[PDB]
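All remarks here apply to the structure that follows.
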Amino acid sequence: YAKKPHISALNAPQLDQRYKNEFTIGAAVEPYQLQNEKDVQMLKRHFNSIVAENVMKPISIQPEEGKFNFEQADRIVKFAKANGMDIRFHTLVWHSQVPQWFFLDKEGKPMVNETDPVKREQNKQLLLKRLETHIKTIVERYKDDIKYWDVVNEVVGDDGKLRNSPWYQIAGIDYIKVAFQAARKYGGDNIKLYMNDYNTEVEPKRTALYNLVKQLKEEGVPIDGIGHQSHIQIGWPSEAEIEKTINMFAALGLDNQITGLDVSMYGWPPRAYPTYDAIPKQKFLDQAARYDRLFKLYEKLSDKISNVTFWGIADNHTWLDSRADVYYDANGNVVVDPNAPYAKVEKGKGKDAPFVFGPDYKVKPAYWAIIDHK
Ligand SMILES: O[C@@H]1[C@@H](O)[C@H](O[C@@H]2CO[C@H](F)[C@H](O)[C@H]2O)OC[C@H]1O
Ligand SMILES: O[C@@H]1[C@@H](O)[C@H](O[C@@H]2CO[C@H](F)[C@H](O)[C@H]2O)OC[C@H]1O
Ligand SMILES: [Cl-]
Ligand SMILES: [Cl-]
Ligand SMILES: [Zn+2]
Ligand SMILES: [Zn+2]
Ligand SMILES: [Zn+2]
Ligand SMILES: [Zn+2]
Ligand SMILES: [Zn+2]
Ligand SMILES: [Zn+2]
């Protein structure tokens with residue numbers, strides 16, 4: 001409701017306690033935020049699950065072969081343990097924020113360039129060996145502290161084919177199989193292994209993901225759940241399509257986690273307002289009604305969803321701002337209409353507002369829409 005006041009989130013009813021029998025409530029964080037008093041208070045008050053926005057990605061953990069940097073990841077793990085939070089590991093394998101040394105052959109040349117079939121096969125086995133050592137080292141360190149693992153991220157293309165990353169060009173589908181088998185072998189039966197992706201609701205990617213995981217499980221590849229990034233909009237994807245997607249994977253015996261939820265104010269490609277102040281009130285009411293519907297649906301499906309994680313804490317910090325392109329007409333006025341004329345765009349200079357907490361750490365209408373029982 002819009003009657004409900006814009007109070008400090010540190011005085012508001014706890015979000016994780018509202019949902020504690022339905023699913024955990026998580027947030028993606030940076031270590032610097034554990035030094036910010038407000039962010040610490042926000043995490044202590046409202047969240048019971050945590051994930052690293054960046055410092056557990058492949059390039060952050062092993063930027064050079066043999067050089068492991070766990071310092072930053074350790075800080076997130078320590079904070080979680082001290083506050084009784086679940087931890088998700090994001091992420092063991094990804095085609096982005098991944099060090100290039102992985103994909104160089106013995107002479108330092110890119111493996112993708114290799115044409116000889118015998119050398120190509122040698123490169124596959126070398127890559128798969130490096131992959132296993134990366135996973136082994138990380139999981140040997142964290143298997144007792146981190147329950148949920150994004151083993152692979154974004155391995156299915158939006159075209160419904162496997163994404164043709166260097167991982168896939170060099171090693172084929174086996175890099176996916178090796179990643180899960182290695183995590184299971186070094187982590188044991190008690191860690192939960194996930195395949196994570198965006199637009200899991202969208203054909204042809206959805207059923208390609210479905211076929212992939214169904215085939216892998218049939219071959220004995222250990223995979224326990226699907227991570228739905230859920231980088232969504234006020235109107236897309238539809239709740240019915242979210243519901244159908246989540247039932248589809250639950251029918252395979254898979255857990256579902258909402259791993260990166262944000263509800264952007266904009267379309268795609270976004271035409272953003274240049275500042276938070278410029279976003280009209282009505283956008284916040286539209287977002288709150290979207291959030292109201294969305295969490296009612298998560299509650300409906302709470303037996304198939306173990307965790308809902310936001311990709312951030314409060315509106316003062318969201319990766320969505322890097323997509324918030326501001327369009328200007330010939331008179332220098334801002335253009336937010338997705339079809340209107342415009343002369344220039346300022347990429348990533350605008351402001352999105354995706355969470356239930358505003359940038360001054362006060363509750364948004366979206367918060368009241370999901371803290372109630374209506
Ligand atoms: O790099 C990925 C990025 O491409 C993805 O953005 C989606 C692209 O497809 C549609 F346009 C959606 O609206 C976008 O959200 O977000 C995840 C990121 O890893
Ligand atoms: O800070 C940014 C970070 O938030 C972003 O994280 C990705 C967001 O899209 C999906 F959720 C991916 O799985 C996340 O890893 O990555 C880019 C970084 O600059
Ligand atoms: Cl209950
Ligand atoms: Cl960011
Ligand atoms: Zn309940
Ligand atoms: Zn709590
Ligand atoms: Zn301002
Ligand atoms: Zn549940
Ligand atoms: Zn960030
Ligand atoms: Zn509600």
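Residues are referred to by chain and number: the chain letter is A, B, ... according to the order shown in the structure tokens, the number counts from 1 in that chain, and ligands are numbered separately from 1 in the order shown.
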Using only C-alpha atoms and all ligand atoms, which residues of the polymer chains come no farther than 6 Å from ligand 8? I'd like the answer as a list in words.
residues 22, 23, 302, 303, 304, 305 and 306 of chain A
Identify, counting only C-alpha atoms and all ligand atoms, the protein, DNA and RNA residues located within 9 Å of ligand 6, and give them as an mmCIF file with N, CA and C atoms, in the first residue's frame.
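Contents of the output file selection-v3.cif:
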```cif
data_model
loop_
_atom_site.group_PDB
_atom_site.id
_atom_site.type_symbol
_atom_site.label_atom_id
_atom_site.label_comp_id
_atom_site.auth_asym_id
_atom_site.auth_seq_id
_atom_site.Cartn_x
_atom_site.Cartn_y
_atom_site.Cartn_z
ATOM 1 N N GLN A 14 11.131 -7.453 9.945
ATOM 2 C CA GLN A 14 12.225 -8.155 9.278
ATOM 3 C C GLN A 14 11.730 -8.982 8.096
ATOM 4 N N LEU A 15 12.361 -8.774 6.940
ATOM 5 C CA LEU A 15 11.921 -9.418 5.708
ATOM 6 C C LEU A 15 12.141 -10.935 5.745
ATOM 7 N N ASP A 16 13.300 -11.386 6.236
ATOM 8 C CA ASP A 16 13.561 -12.824 6.318
ATOM 9 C C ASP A 16 12.600 -13.524 7.288
ATOM 10 N N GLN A 17 12.216 -12.851 8.373
ATOM 11 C CA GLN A 17 11.324 -13.488 9.335
ATOM 12 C C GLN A 17 9.922 -13.628 8.775
ATOM 13 N N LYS A 20 10.285 -16.886 6.599
ATOM 14 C CA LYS A 20 11.210 -17.896 7.098
ATOM 15 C C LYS A 20 10.690 -19.323 6.945
ATOM 16 N N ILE A 25 15.770 -15.429 2.539
ATOM 17 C CA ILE A 25 15.814 -14.132 1.855
ATOM 18 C C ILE A 25 17.277 -13.710 1.819
ATOM 19 N N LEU A 43 21.818 -6.136 6.516
ATOM 20 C CA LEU A 43 22.024 -7.580 6.392
ATOM 21 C C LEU A 43 21.625 -8.307 7.671
ATOM 22 N N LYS A 44 22.047 -7.783 8.828
ATOM 23 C CA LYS A 44 21.673 -8.389 10.102
ATOM 24 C C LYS A 44 20.165 -8.403 10.286
ATOM 25 N N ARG A 45 19.490 -7.310 9.925
ATOM 26 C CA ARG A 45 18.058 -7.186 10.205
ATOM 27 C C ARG A 45 17.187 -7.999 9.254
ATOM 28 N N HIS A 46 17.500 -8.016 7.949
ATOM 29 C CA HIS A 46 16.505 -8.436 6.960
ATOM 30 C C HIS A 46 16.821 -9.695 6.175
ATOM 31 N N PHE A 47 18.047 -10.198 6.221
ATOM 32 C CA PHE A 47 18.477 -11.252 5.329
ATOM 33 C C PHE A 47 19.021 -12.414 6.142
ATOM 34 N N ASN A 48 18.799 -13.636 5.644
ATOM 35 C CA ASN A 48 19.378 -14.809 6.299
ATOM 36 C C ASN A 48 20.132 -15.686 5.304
ATOM 37 N N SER A 49 20.499 -15.121 4.159
ATOM 38 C CA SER A 49 21.256 -15.793 3.121
ATOM 39 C C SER A 49 22.085 -14.725 2.429
ATOM 40 N N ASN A 83 26.676 -14.429 11.551
ATOM 41 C CA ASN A 83 25.289 -13.981 11.629
ATOM 42 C C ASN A 83 24.289 -15.066 11.242
ATOM 43 N N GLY A 84 24.720 -16.321 11.172
ATOM 44 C CA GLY A 84 23.775 -17.405 10.906
ATOM 45 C C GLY A 84 23.139 -17.366 9.531
ATOM 46 N N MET A 85 23.884 -16.926 8.514
ATOM 47 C CA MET A 85 23.368 -16.796 7.158
ATOM 48 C C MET A 85 23.773 -17.992 6.310
#
```
Let me see if you get this right: every residue at most 7 Å from ligand 1, counting only C-alpha atoms and all ligand atoms, written as a PyMOL selection string.
chain A and resi 198-199+231-232+268-269
Taking only C-alpha atoms and all ligand atoms into account, list the residues no farther than 9 Å from ligand 9, as a PyMOL selection string.
chain A and resi 28-30+53-54+311-312+317-320
Here is a test: counting only C-alpha atoms, which residue of A:230, A:62, A:339, A:200 is nearest to residue A:102?
A:62
Counting only C-alpha atoms, the option among A:139, A:308, A:297, A:2 closest to residue A:285:
A:2
Would you name the residues within 8 Å of ligand 10, counting only C-alpha atoms and all ligand atoms, and put them as a list in words?
residues 291, 292, 293, 295, 296, 368, 369, 370, 371, 372, 373 and 374 of chain A
Those same residues - N, CA, C and O atoms - I'd like them written as a short mmCIF file (atom, residue, chain, number, x, y, z; two decimals), in the first residue's frame.
```cif
data_model
loop_
_atom_site.label_atom_id
_atom_site.label_comp_id
_atom_site.auth_asym_id
_atom_site.auth_seq_id
_atom_site.Cartn_x
_atom_site.Cartn_y
_atom_site.Cartn_z
N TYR A 291 5.76 -6.51 -7.42
CA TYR A 291 6.36 -7.25 -6.31
C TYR A 291 5.30 -7.98 -5.50
O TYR A 291 5.53 -9.11 -5.03
N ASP A 292 4.15 -7.34 -5.28
CA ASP A 292 3.06 -8.00 -4.57
C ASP A 292 2.67 -9.29 -5.26
O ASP A 292 2.60 -10.36 -4.64
N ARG A 293 2.44 -9.22 -6.58
CA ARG A 293 2.07 -10.40 -7.35
C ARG A 293 3.18 -11.44 -7.36
O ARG A 293 2.92 -12.64 -7.30
N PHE A 295 5.71 -12.13 -5.21
CA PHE A 295 5.99 -12.86 -3.98
C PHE A 295 4.79 -13.69 -3.53
O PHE A 295 4.97 -14.72 -2.86
N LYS A 296 3.59 -13.26 -3.88
CA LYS A 296 2.44 -14.15 -3.72
C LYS A 296 2.64 -15.43 -4.51
O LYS A 296 2.31 -16.52 -4.02
N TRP A 368 6.23 -2.72 1.52
CA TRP A 368 4.94 -2.96 2.16
C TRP A 368 4.14 -3.98 1.37
O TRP A 368 3.43 -4.81 1.96
N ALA A 369 4.28 -3.99 0.05
CA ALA A 369 3.57 -4.96 -0.76
C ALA A 369 3.99 -6.40 -0.48
O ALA A 369 3.21 -7.31 -0.74
N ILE A 370 5.20 -6.64 0.03
CA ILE A 370 5.61 -8.02 0.26
C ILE A 370 5.75 -8.36 1.74
O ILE A 370 5.88 -9.56 2.08
N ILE A 371 5.68 -7.38 2.63
CA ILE A 371 5.74 -7.69 4.05
C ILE A 371 4.37 -8.08 4.60
O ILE A 371 4.30 -8.72 5.66
N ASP A 372 3.29 -7.73 3.91
CA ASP A 372 1.95 -8.03 4.40
C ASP A 372 1.55 -9.46 4.05
O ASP A 372 2.34 -10.26 3.53
N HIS A 373 0.29 -9.80 4.32
CA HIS A 373 -0.24 -11.12 4.04
C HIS A 373 -1.48 -11.00 3.18
O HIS A 373 -2.44 -11.74 3.33
N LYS A 374 -1.45 -10.04 2.27
CA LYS A 374 -2.54 -9.82 1.33
C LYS A 374 -1.96 -9.91 -0.05
O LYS A 374 -0.76 -9.69 -0.21
#
```
Need the shell around residue A:205: protein/DNA/RNA residues with any atom at most 12 Å away, counting only C-alpha atoms. Skip same-chain ones fewer than 5 positions apart. Format as a PyMOL selection string?
chain A and resi 154-163+197-200+210-212+245
Selected residues written out with C-alpha atoms, as a compact mmCIF listing (two decimals), in the first residue's frame:
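Just written: result-v1.txt:
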```txt
# COMPACT_ATOMS: atom_id res chain seq x y z
CA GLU A 154 24.79 -18.95 -18.18
CA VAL A 155 25.83 -22.04 -20.15
CA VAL A 156 22.71 -22.07 -22.38
CA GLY A 157 22.44 -19.55 -25.20
CA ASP A 158 19.44 -17.30 -25.67
CA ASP A 159 19.06 -19.04 -29.08
CA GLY A 160 18.30 -22.33 -27.33
CA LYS A 161 21.71 -23.78 -28.19
CA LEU A 162 24.52 -24.28 -25.72
CA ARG A 163 26.42 -21.03 -25.36
CA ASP A 197 20.98 -18.58 -15.73
CA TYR A 198 18.94 -15.55 -16.75
CA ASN A 199 15.74 -15.68 -18.82
CA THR A 200 15.09 -19.22 -17.60
CA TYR A 210 15.23 -28.25 -19.31
CA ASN A 211 16.49 -30.76 -21.88
CA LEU A 212 20.09 -30.10 -20.82
CA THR A 245 8.97 -22.38 -15.53
```
Name the residues of stretch 76-288 of chain A that fall into strand (DSSP E) according to DSSP on the backbone, using the chain letters and numbers of this document, as a ChimeraX atom specification.
/A:86-93,148-153,192-197,225-228,231-233,255-264
At a cut-off of 7 Å and counting only C-alpha atoms and all ligand atoms, what residues surround ligand 7? Please answer as a PDB file with N, CA and C atoms, in the first residue's frame.
```
ATOM      1  N   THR A 275      18.527  10.301 -12.813  1.00  0.00           N
ATOM      2  CA  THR A 275      18.705  10.311 -11.370  1.00  0.00           C
ATOM      3  C   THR A 275      17.534   9.591 -10.719  1.00  0.00           C
ATOM      4  N   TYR A 276      17.751   9.171  -9.470  1.00  0.00           N
ATOM      5  CA  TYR A 276      16.672   8.579  -8.685  1.00  0.00           C
ATOM      6  C   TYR A 276      15.527   9.565  -8.473  1.00  0.00           C
ATOM      7  N   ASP A 277      15.856  10.838  -8.209  1.00  0.00           N
ATOM      8  CA  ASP A 277      14.831  11.853  -7.969  1.00  0.00           C
ATOM      9  C   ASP A 277      13.885  12.008  -9.152  1.00  0.00           C
TER      10      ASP A 277
END
```
Residue A:56: which residues within 9 Å, counting only C-alpha atoms, same-chain residues fewer than 3 positions away excluded, as number ranges by chain?
A: 51-53, 59-61, 70, 72-73, 89-92
Go through A:340, A:77, A:323, A:236 one by one, measure the shortest atom-to-atom distance of each to ligand 4 using only C-alpha atoms and all ligand atoms, and give the residue with the smallest value.
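With only C-alpha atoms and all ligand atoms as the atom set, the closest residue is A:323.
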Nearest to ligand 5: which of A:330, A:298, A:226, A:122 is it, counting only C-alpha atoms and all ligand atoms?
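Selected residue with least distance to ligand 5: A:298.
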Picked from stretch 69-219 of chain A by DSSP as alpha helix (DSSP H), as a ChimeraX atom specification
/A:71-82,117-142,166-171,174-187,205-218
Neighbours of residue A:130 within 10 Å (only C-alpha atoms; same-chain residues fewer than 3 positions away dropped), as a tab-separated table (two decimals) with N, CA and C atoms, in the first residue's frame?
```tsv
chain	number	residue	atom	x	y	z
A	65	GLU	N	47.09	-18.65	-12.94
A	65	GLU	CA	47.14	-20.05	-12.55
A	65	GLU	C	48.06	-20.24	-11.35
A	101	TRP	N	43.90	-17.10	-18.95
A	101	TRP	CA	44.92	-18.14	-18.95
A	101	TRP	C	44.32	-19.53	-19.09
A	102	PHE	N	43.06	-19.71	-18.65
A	102	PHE	CA	42.38	-20.99	-18.77
A	102	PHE	C	42.48	-21.54	-20.18
A	103	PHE	N	42.38	-20.67	-21.19
A	103	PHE	CA	42.11	-21.11	-22.55
A	103	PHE	C	43.32	-20.97	-23.47
A	124	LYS	N	41.47	-29.93	-24.84
A	124	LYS	CA	40.28	-30.23	-24.06
A	124	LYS	C	40.66	-30.81	-22.71
A	125	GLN	N	41.57	-31.77	-22.71
A	125	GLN	CA	41.92	-32.44	-21.46
A	125	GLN	C	42.69	-31.51	-20.53
A	126	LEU	N	43.54	-30.65	-21.10
A	126	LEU	CA	44.22	-29.66	-20.28
A	126	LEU	C	43.24	-28.67	-19.68
A	127	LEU	N	42.27	-28.19	-20.47
A	127	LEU	CA	41.27	-27.28	-19.93
A	127	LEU	C	40.47	-27.95	-18.82
A	133	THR	N	41.05	-28.51	-11.05
A	133	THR	CA	41.91	-27.97	-10.00
A	133	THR	C	41.34	-26.68	-9.41
A	134	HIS	N	40.72	-25.85	-10.25
A	134	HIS	CA	40.05	-24.65	-9.77
A	134	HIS	C	38.92	-25.00	-8.82
A	135	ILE	N	38.04	-25.92	-9.24
A	135	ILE	CA	36.92	-26.32	-8.40
A	135	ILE	C	37.41	-27.03	-7.15
A	136	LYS	N	38.40	-27.92	-7.30
A	136	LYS	CA	38.92	-28.67	-6.16
A	136	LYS	C	39.41	-27.73	-5.07
```
Would you mind telling me which residue in A:128, A:152, A:278, A:80 lies nearest to residue A:96 when using only C-alpha atoms?
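Distance minimum relative to residue A:96 lands on A:152.
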